[PDB]
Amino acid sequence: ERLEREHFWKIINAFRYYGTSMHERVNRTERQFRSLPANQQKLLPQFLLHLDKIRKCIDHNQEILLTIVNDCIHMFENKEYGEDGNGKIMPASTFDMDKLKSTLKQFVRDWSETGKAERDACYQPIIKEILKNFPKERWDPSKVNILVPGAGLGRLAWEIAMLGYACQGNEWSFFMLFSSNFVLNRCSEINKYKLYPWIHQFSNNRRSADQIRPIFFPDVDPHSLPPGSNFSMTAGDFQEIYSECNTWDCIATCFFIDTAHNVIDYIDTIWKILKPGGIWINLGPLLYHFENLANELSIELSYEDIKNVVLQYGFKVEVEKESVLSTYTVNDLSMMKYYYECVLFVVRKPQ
């Protein structure tokens, strides 16, 4: 696990490098603008001032990321990771800078009022299926064990625990784990924090102000879980952490199964660790994460093939809805938006 230590400080270092990276991007824009003919520059007399506002938004974002860094460096479970790693002050990769940008957007989806419409489209259908299958009239929710793999910043798992179910989120990415630890443990005052999740988008802006607008978080107090709640989060590969068979009443995957190198392996795990009679609720598209990465296994299945594999495992299909429309960390003011026609299904492991 010396390589996990190496990976830990690599991610810490990426968090610390955000401002350097983004300030370079803005300096390229200023350089290019300053090389235009003077008369064209005079057509845009607020352009340089707007770059200054972007730079302030960058500094603010960097301040949020250093707060997360400060939080996770001083966590007891992270003492096994060491002093400061190498004596390396190293630049971070662009691949990690892209993950940082996505992580900032994830705050919108999971912990901002701005993301409520997205959560209503993705999380509420899952929560409703849970209420349908484990209704309060017949089930003590505190004895129903629900696992949420790839929980991201944890809002879905948290919402399930708010209803009283014994809910565990699981997440492999340090970007998400550092950030959700910060939100779930430290952000105990509604909308106290702010970030600028769209400053990286220079294209498709209707108004220049849209790029620098803030989002506030958290929209709920994460510590309003009532007494008797049972909420937890685990760190690691879903496929390695969960080895006990016949354990879970429910597994809820939301925009997750297409993260697999091999989705058949996910299906195999979910079958093994569900209790007889347990259910797997899935909602999401099929954007295979490793498809366009060299030296990475990626088995890309159509939804039709996924359902055929699920049926051959012995699962029984109880709910299937195609074309469940949603966005994912959408920028509502952008002139370009991605939409997903997700499939929702509920399948049961036979008793």
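From 1 onward, residues are counted along the sequence shown.
**Student:** Could you settle it for me: does 267-275 or 69-77 have the higher average Cα B factor in the PDB entry?
**Tutor:** The entry gives the higher C-alpha B-factor average to 69-77.
**Student:** Hey, which bit's got the bigger mean C-alpha B factor in the entry, 117-125 or 82-90?
**Tutor:** Stretch with the greater average CA B-factor: 82-90.
**Student:** By the CA temperature factor listed in this entry, which of these ranks top: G154, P218, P227, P141?
**Tutor:** Checking the PDB record, the top C-alpha B-factor among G154, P218, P227, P141 is at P227.
**Student:** Between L297, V309, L286, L283, let me know which has the highest C-alpha B-factor in the entry?
**Tutor:** Highest CA B-factor of the listed options: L297.
**Student:** Is the Cα B-factor recorded for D210 in the lowest, middle or highest third of its chain?
**Tutor:** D210: CA B-factor falls in the middle third of its chain.
**Student:** Can you work out whether the C-alpha temperature factor of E63 puts it in the lowest, middle or highest third of the chain?
**Tutor:** For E63, the deposited C-alpha B-factor lands in the lowest third.
**Student:** Just say lowest, middle or highest third for the CA B-factor of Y18 relative to the other modelled residues in its chain.
**Tutor:** Middle third of the chain for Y18's C-alpha B-factor.
**Student:** Based on the deposited C-alpha B factors for this chain, I'd like to know if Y303 is in the lowest, middle or highest third.
**Tutor:** Ranked within chain, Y303 CA B lands in the lowest tercile.
**Student:** C-alpha B factor of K101, ranked within the chain: lowest, middle or highest third?
**Tutor:** Middle third, going by the recorded CA B-factors of the chain.
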